[PDB]
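Here's the structure, in structure tokens; my notes come after.
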Amino acid sequence: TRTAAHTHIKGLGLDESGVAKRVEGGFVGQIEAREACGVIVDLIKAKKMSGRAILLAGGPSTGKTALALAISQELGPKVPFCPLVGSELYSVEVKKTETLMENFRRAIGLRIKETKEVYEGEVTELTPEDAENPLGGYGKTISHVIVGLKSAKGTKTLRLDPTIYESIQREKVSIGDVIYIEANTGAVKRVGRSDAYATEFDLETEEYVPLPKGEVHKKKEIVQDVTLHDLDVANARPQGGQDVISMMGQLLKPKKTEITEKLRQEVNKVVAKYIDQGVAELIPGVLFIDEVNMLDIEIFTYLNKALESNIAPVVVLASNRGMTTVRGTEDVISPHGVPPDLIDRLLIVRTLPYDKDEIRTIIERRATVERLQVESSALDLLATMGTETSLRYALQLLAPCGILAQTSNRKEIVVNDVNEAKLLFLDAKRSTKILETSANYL
Amino acid sequence: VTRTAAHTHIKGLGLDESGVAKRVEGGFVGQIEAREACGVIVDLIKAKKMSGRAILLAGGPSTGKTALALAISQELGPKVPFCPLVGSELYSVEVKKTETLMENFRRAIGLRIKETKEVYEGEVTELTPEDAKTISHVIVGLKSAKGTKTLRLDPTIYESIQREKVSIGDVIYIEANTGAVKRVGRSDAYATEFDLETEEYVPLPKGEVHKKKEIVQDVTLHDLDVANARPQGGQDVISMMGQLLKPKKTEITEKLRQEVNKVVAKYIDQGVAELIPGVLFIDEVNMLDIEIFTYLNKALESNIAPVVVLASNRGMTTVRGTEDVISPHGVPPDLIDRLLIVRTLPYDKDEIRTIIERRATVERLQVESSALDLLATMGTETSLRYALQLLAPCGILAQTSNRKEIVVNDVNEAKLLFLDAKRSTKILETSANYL
Amino acid sequence: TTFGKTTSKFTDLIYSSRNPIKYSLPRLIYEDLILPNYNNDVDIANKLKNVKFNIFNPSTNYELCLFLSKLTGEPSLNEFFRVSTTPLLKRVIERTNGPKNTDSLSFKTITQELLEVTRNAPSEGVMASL
Amino acid sequence: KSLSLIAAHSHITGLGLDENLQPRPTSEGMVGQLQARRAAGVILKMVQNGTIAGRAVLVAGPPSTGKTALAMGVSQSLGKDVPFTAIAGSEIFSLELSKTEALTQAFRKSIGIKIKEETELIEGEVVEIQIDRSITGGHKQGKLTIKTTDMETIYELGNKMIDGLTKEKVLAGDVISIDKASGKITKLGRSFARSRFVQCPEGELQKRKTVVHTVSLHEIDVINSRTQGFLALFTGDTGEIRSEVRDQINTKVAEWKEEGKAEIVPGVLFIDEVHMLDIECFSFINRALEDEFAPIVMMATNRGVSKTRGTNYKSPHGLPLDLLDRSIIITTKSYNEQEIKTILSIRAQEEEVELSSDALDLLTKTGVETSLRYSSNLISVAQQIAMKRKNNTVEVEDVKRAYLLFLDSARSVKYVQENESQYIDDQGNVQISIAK
Amino acid sequence: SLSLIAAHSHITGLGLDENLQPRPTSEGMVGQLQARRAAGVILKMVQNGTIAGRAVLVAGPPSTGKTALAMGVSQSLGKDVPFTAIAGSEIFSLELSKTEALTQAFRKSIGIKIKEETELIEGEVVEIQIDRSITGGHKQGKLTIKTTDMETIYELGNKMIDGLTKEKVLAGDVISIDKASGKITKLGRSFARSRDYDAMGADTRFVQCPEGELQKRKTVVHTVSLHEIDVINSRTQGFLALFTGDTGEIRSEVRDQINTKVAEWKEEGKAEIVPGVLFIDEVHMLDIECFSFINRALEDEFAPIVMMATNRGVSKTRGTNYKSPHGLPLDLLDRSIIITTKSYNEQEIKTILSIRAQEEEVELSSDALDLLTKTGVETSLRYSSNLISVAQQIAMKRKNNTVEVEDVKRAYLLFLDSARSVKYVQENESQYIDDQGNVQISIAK
Ligand SMILES: Nc1ncnc2c1ncn2[C@@H]1O[C@H](COP(=O)(O)OP(=O)(O)O)[C@@H](O)[C@H]1O
Ligand SMILES: Nc1ncnc2c1ncn2[C@@H]1O[C@H](COP(=O)(O)OP(=O)(O)O)[C@@H](O)[C@H]1O
Ligand SMILES: Nc1ncnc2c1ncn2[C@@H]1O[C@H](COP(=O)(O)OP(=O)(O)O)[C@@H](O)[C@H]1O
Ligand SMILES: Nc1ncnc2c1ncn2[C@@H]1O[C@H](COP(=O)(O)OP(=O)(O)O)[C@@H](O)[C@H]1O
């Protein structure tokens, strides 16, 4: 098992119609932010509103990213979640507007159900039946094709169209192969060779697949999940033909292109048409852009434009700045690095720093997840480091303590182990103190 | 007939067997210490044992840094690779600058392969394929002026023969190792089959059909890198019209480089190839950005880095790409630890006079003694390069007056006609509008 | 164009269109740089750079070929040497839809299994219309 | 050949010089500037000797003093079959080529190779053509009768000649040229036979003709590189040719000159407005001039002590001192009244405008007062005003009317400076309304 | 062999015992008795593999041994574990984004291990007989394959014959056939049939006829990084992008799909994850966007352990206008633990110079080595290290085997360090081009 700075949080931890308790889901404290995030989860599950923006703000190491992953865990794996960093939008292939629109479309999911009628099994016989009165000038005029199938606890012969004989001849279907006949379009395909013929030839280059289970004929309802960006990139890519340009672009580097608003419009109308028929279902998700202080003001203005769309998901932003200039502008002093036109469109959730007991409990649960045993006085010392230097410096100094404990052949982490961890690995403050008092061209 | 461009009187470093330098020998006058340090560096390069050695040679303008690097290149010989470069060429609009630096690094490590050229040439007399439909072999009979000779051939060479539309009586060229087939033309003896025809007629080869020759192929590592990393695909032998898609330079992955190193080491272990490390020379090193200066630190720590020679004429100058970093020679302090600096000294009057006499000798001009003294005084008064550039208009003005020896009057007219930087700046300062 | 025009039992109609701009080249450049002969090494250097020192050669770099065959799933180990030494236009003309074994690291993308369903799908299907 | 309306330097047919390189006061369309013309004649002799390489000269002076006139005089005095590349300073700032690559291509375009070859040709007038077909038409027999003004012959044709004659129709009385070794047949025209129009050729019909080729280093550089064909010489996307093919071309050219199969013809590269190059371009130009295959570079600039591009300091002529150290400088001076009036009379003769003496005196006065180019632009615009009154000679009234209608520099600055509320300033303020 | 004597090739692993206690001088590393212990803890942290995504920082003055420590970690890590060593200037690419280049460098340092079991039949083909049925739909075959020792006869399928007709094989052809997978390769032509054709051809090559048994069993282990799977599953023919670098901003959907695929393979049991180390030398010249992405990209499960080296004090971070410790912002320095290197004394410099002269096959006297030690105390260490190599050649120009004091004095005279160059520049500043471009070329005033 691999652990990386997270995966000790499992949802938010509220009860039904009530206050989130202090010890639930791996969260310690942050009660008001957890209640607000639960209200946000209920807003997303209501499946009504579009283009709602939430900015959570606070100091560093307060639990903004943990709250975002708690939102994603509470919604479930079916609801899409697109985590983003603010530096990801600057690309050297397309404009940053198109990258924002692509990550915007990646966060809306579609649930499509469909009924499949199939015919699979091992080929028993394959006989093109001739007509009673053949036409002149031709040979082997097929009137119909008799094909016998064989599966587990099932055997059925079929009368087929004359026009699937070309499909038999293209896919090279012979006796003993196991095939796959779609009902409506015909269009047979070779799954492989039957497993009973695996010892036919000493040396061969084939793929022998087990004989398929169940009946030859079955009706199965298949529910498929795609996002709207997959529909956009599938419709933009031209359907596979025989032109040199399509296969040339298949053999070359797939450079991104500025997808027009027209294609997105047609995709939205056909999706709404099949939603109105009761077949498809629209699942909006969460686009989480972290550290949004690094965005340019053009992206902020396009966010102002794109939040007014009908199909937009709920976008969550996070920042740790105070009074800072927006990038691209030399004089706009703004809270959290966000320009004031966007700030009016969003609600702000505030996160508060922790205390001695919360730091101690967080360190204890992180040591529990990391499969380590810590003695209580070592826990109190680590909480003293957490309130003295940083919570994250205490959290990253658990694995070297376990390594030094295993070096001395002990499964317990004690005081001198964390003293050696202090002596070996420095935090930022002592490193800055070393930098300030050294003049050796450092 | 013979051309001369600012050099070519420099033939070598001009050292003895003990490493000491004479005064005037090899086209170099003066600067004993820099020449001796450069000879030590030439010995280090000839040892072929170390990698990533960086030398900076520094001094004022027109002191002889480029002449010293050229003397290194002539002392090493034509076998050793030498890649001269200016620092402005590392900026390209196709790839990043670090990749261009990597290619220029790998251009300085060479290989030597010993190969044999085997050629069949003559007039086709018999062309008889036979079926084993697939042909198993074809028998071709070639004829020259010294006899005939028949050959069995594989079907691939018969396919290449059918590509070139070879019939009976054509003069063809076959290489035994590569398998290349070239059709020279129809033979001269079959030229009167028609009075007018679209076929060129060539005579019979006067030598033997079989020809054997031992050759040496000199390639570098960068040739193998670009041969193994064609993005569009392998080009054919002849493409007069261009490729349909334009192939652009790409960022070559280090996995390709380590595969090329593995294959080259495998061929070296069998005694086929010989490794010849060389010299990469970067003139005007102060025109490099700080990012290339940082990448040079890791690029000098590879196992197959060549010997790198840099030159600069700046003093305590700000490094490019920085605003509050002042460093000697425009070279950052992180990189300046890794080199050894060779100092280069300015010249005196007698050295300038000897340089002017040598340049007049190599350009096949005769000068008088008083003209030489006036040119030496002018060289000490303005610059050394001014007299060297003014030597040839003096010869032209002596030629137009139907004389062969330059005198003081031609030097005076050439000084009147062409100016230096100082007099041009004096005219520039005391002028009304834009000179 | 400068074609063959008439300055006025069948009539021959042969394509004869040319360009009025003529680029003239000496015979020496062609015969001494582009064609092989006894005094140059076009074919020798071509063989040295394309066959002997190629990294996809199975006679010298079999480990890389086996690694790439496990990576992609090509049934032949000469496929990479054939791909790397023929032009892109010749590759895209004679490309075939040969089968590959399932035990490989290259599986099918979501976009591809969306596109492969609707090759012969009719109208009024939801996946085909979308 | 070489279609042209009238150029601004169309009167300069070269440098007016004697056999002892002395400048005549008026010769070949050039007047005045005796020292500059003598220096350019010395540079012309340097180019025509061809034994030295990589020398850079600089032509500096005030604007409108005849620097481009000097460059055009050198280019016309070189004549044909010698390479002359003229570029501007802003031309090398490409989006697909680096600056050093563009400078390298411009450097190698200015040096050429003279290759002499001979081919055997057929030229004559077609008398009569017979094509014979068999019963099945598998084989074709043919006979061609062709004549010149001195002989006549009949040729028996094979299959490929018959196919090459059926393609690109050839009838009787046509004058054609046949290349036997390549199979290319060109129709020269039609002979003078009423019973296009060219004459019947004379002399022999089988002629061995010698053609002298001149090909630059950049062309062989493009062809030897396999990354693109010879069509990149016309489309213009060569795309950063690698260095190793340039060393192969250099060694091949050296052994071609050693064997005697080729000669090297160096030329002149002219860089107009050299002050608009970056310092990286100057540093590349410093080290590119010591190569063996380097032309003679001519640079022209008119700045004083100005800021070098890409830096933060000022330098004489806009060029750094290390570039100026390897240069010999030719200085041009301003003109007198008589030189200005001689220039205006020559520009009158080239524009086919007949001038009165008083009109020429008024043009000389307003050219000394304002600018030479202003009078040289006024002279051609006065002829239309003269032709509107239906007379041939340009009088004083036409020159005064053209001086009233079209303004110059100082007058336009003067009318701007007391009407600046109606123009847009550096701060973007303007008043459009008439009142208030 | 294609390796020469590099800058630090004496370092072969970290000089530690079993109890993570560094020896004073062992296997290349001299001194640094706390940084070596911390790097040993980091090496055990990597070799356990149970945690992911943690960054350490190696800070100290220049010429102290930060990249020596990284080389020691790389050499003691062992093979089949990915180790990527990049600079800060590599990621500024014209055709790739900085974030995408960072993602590629991150995913090049974590790989999976695949086990393959092969059954190879390598031998020379003698004869191929093809038999067809009455219907003609399928073709049967007879193969006679021959080794130096033994010869047997196999059978072929229809797909065997179709694959054998391509890459056309005749008698005298050396092929190999896999029983389990059916892979086909043409190794070339035997040397016994090298005298008949009389001219080679383009596509042919001569290999020796194999010996030993025909059916040989051997297992192969392959280590494939996640970046290789990303490049392969992004195009039709993706290996050319692996060898030419034209991958070009691979989409995130295939990366999530490949992550799910790798988790599925680990759970089913045909693969296991081998984590690695990413080393970013000179991290101080990275943009603030790069630092932000490094901050938020270390919280993934498939993240390696990052080692960064900095020799900067309180400098200005690139892309901003303020100054920060180590040239890095405080949010990244919160997510780090710092290993601090300290400068050497005379004895450690003496031992390092002795080791470096031992590697280069240079024999020094005691007085010459003492002089080099004194120069390494006064000037930098690398100046003495280069002085060894040039004094060696000065020694053979005198026809002497070992170097002496005179050779070190001559190499000190002929070559200059930074301080002497600064002094001779400053006392003759009129002969050099300053920041304003002024210079004096003429020697007489
Ligand atoms: N309330 C909490 N309960 C448990 N763990 C927390 C809490 N808040 C923060 N953490 C832990 O602190 C570490 C760093 O928090 P992070 O998400 O980086 O905060 P921020 O987003 O404010 O920088 C994470 O590994 C997280 O597990
Ligand atoms: N010691 C010397 N002997 C002969 N010629 C010299 C010497 N030093 C310099 N030169 C000549 O001076 C000219 C310019 O020198 P150069 O190599 O450009 O110096 P730098 O590169 O330092 O400007 C060259 O043509 C060279 O031939
Ligand atoms: N000495 C001269 N003889 C003839 N025409 C001249 C002379 N000097 C200048 N001119 C003409 O004056 C016009 C402007 O001069 P021009 O050469 O463009 O100035 P500049 O030297 O600033 O480029 C040109 O048409 C040129 O033909
Ligand atoms: N602990 C050490 N043991 C042996 N040699 C060392 C040690 N530290 C540094 N060196 C030597 O110092 C030289 C440069 O030091 P380096 O590792 O580059 O320092 P930094 O990484 O701080 O620049 C290397 O060639 C290496 O041989």
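Below, chain A is the first sequence line, B the second, and so on; all start at residue 1. Every number for a ligand or one of its atoms is a count from 1 in the order of the listing. Quick note: numbers below take in every heavy atom, side chains included, and nothing from hydrogens, waters or symmetry partners.
- At least one side-chain heavy atom of A/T65 sits less than 4.5 Å from a side-chain heavy atom of A/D290.
- Remark: distances from the non-hydrogen atoms of E/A309 to ligand 4 are all 4.0 Å or more.
- Among the atoms of D/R287, some N or O lies under 3.5 angstrom from an N or O of ligand 2.
- A donor and an acceptor atom, one from each side chain of E/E359 and E/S9, are located under 3.5 Å apart.
- Put simply, part of A/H8 is less than 4.0 Å from ligand 1, judged by heavy atoms.
- Under a 4.0 angstrom heavy-atom cut-off, B/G60 registers as being in contact with ligand 2.
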Salt bridge (charged side-chain N to carboxylate O under 4.0 Å, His left out) for E/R312 and E/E282? Distances and angles first, verdict last. CA-CA 9 Å; E/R312 292 266 187 276; E/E282 314 246 42; 5.7 Å; no

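- Distances from atom 15 (O) of ligand 2 to the heavy atoms of D/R326, B/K65, B/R385, B/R359 show the closest one on B/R385.
- On a distance-only criterion, E/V30 and ligand 4 share at least one N/O pair closer than 3.5 Å.
- For E/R54 and A/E370, the salt-bridge test passes: some basic side-chain N is under 4.0 Å from an acidic carboxylate O.
- In this structure a side-chain-to-backbone donor-acceptor pair under 3.5 Å is present from E/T64 to E/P61.
- Every N/O-N/O distance between B/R338 and ligand 4 stays at or above 3.5 Å.
- Pairing each heavy atom of D/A294 with each of D/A53, the nearest pair is O-CB, 3.4 Å.
- A pairwise comparison of heavy atoms in A/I363 and A/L398 identifies O-CD1, 4.3 Å as the closest pair.
- In terms of heavy-atom proximity, A/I71 sits nearest to A/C37 at CD1-O, 3.4 Å.
- Remark: the backbone N or O of E/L381 is paired with a side-chain donor or acceptor of E/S385 at under 3.5 angstrom.
- Atom 10 (N) of ligand 1 is not flagged as protein-proximal [any protein heavy atom, distance under 4.0 Å].
- Taking a 4.0 Å cut-off on heavy atoms, E/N311 fails to register as neighbouring ligand 4.
- Of the heavy atoms in E/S385, none comes closer than 4.0 Å to ligand 4.
- Here atom 5 (N) of ligand 4 lies nearest to E/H10 when heavy atoms of E/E27, E/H8, B/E301, E/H10 are compared.
- Annotation: A/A5 places an N or O atom under 3.5 Å from an N or O atom of ligand 1; distance criterion only.
- With hydrogens and angles ignored, the 3.5 Å screen pairs a side-chain donor or acceptor of E/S336 with a backbone N or O of E/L332.
- If you check the side chains of B/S51 and B/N303, you find no donor sitting under 3.5 Å from an acceptor.
- Nearest non-hydrogen protein atom to atom 19 (O) of ligand 1 is A/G63 N, 3.1 Å.
- Listed by atom number, the atoms of ligand 1 under 4.0 Å from A/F27 heavy atoms are 1 (N), 2 (C), 3 (N).
- Atom 4 (C) of ligand 1 has its nearest heavy-atom neighbour, among A/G26, A/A4, A/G25, in A/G26.
- Salt-bridge formation is not detected for the pair E/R296/E/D331: no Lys NZ or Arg NE/NH1/NH2 atom is positioned less than 4.0 Å from an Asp or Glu carboxylate oxygen.
- Residue B/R35 places no heavy atom under 4.0 Å from ligand 2.
- Closest to atom 21 (O) of ligand 2, if we only count protein heavy atoms, is B/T66 OG1, 2.7 Å.
- The shell of residues lying under 4.0 angstrom from ligand 4, judged by heavy atoms, includes E/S63.
- Applying the 4.0 Å criterion to heavy atoms of E/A68 picks out, from ligand 4, the atoms 8 (N), 17 (O).
- With hydrogens left out, the protein atom closest to atom 12 (O) of ligand 1 is A/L391 CD2, 4.1 Å, a heavy atom.
- Within the structure, ligand 4 has E/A7 among the residues with a heavy atom less than 4.0 angstrom away.
- Nearest protein neighbour of atom 7 (C) of ligand 1, counting heavy atoms only, is A/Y354 OH, 3.2 Å.
- By the 4.0 Å N-to-carboxylate-O rule, B/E301 lies close enough to B/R338 to be salt-bridged with it.
- Below 3.5 Å of separation, one finds no N or O of A/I9 facing any N or O of ligand 1.
- When heavy-atom distances to ligand 1 are checked against a 4.0 Å cut-off, A/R22 has no atom that comes that close, whether in backbone or side chain.
- Looking at atom 18 (O) of ligand 4, its nearest protein heavy atom turns out to be E/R382 NH1, 3.1 Å.
- Nearest-residue assignment for atom 1 (N) of ligand 2 (options B/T63, B/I356, B/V29, B/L345; heavy-atom criterion): B/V29.
- Taking only non-hydrogen atoms, the option from B/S312, B/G14, B/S62 nearest to atom 20 (P) of ligand 2 is B/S62.
- Of the protein's heavy atoms, B/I355 CD1, 3.7 Å lies nearest to atom 6 (C) of ligand 2.
- Protein heavy atom in closest approach to atom 13 (C) of ligand 1: A/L395 CD1, 4.4 Å.
- Below 3.5 Å of separation, one finds an N or O of E/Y344 facing an N or O of ligand 4.
- Heavy-atom contacts of B/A67 reach the following atoms of ligand 2: 17 (O) (cutoff under 4.0 Å).
- Remark: the backbone N or O of E/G31 is paired with a side-chain donor or acceptor of E/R36 at under 3.5 angstrom.
- E/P61 counts as a contact of ligand 4, since one of its heavy atoms falls under 4.0 Å from the ligand.
- In terms of heavy-atom proximity, B/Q31 sits nearest to B/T63 at NE2-O, 2.5 Å.
- Residues E/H326 and E/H284 fail the side-chain proximity criterion, which asks for heavy atoms closer than 4.5 Å.
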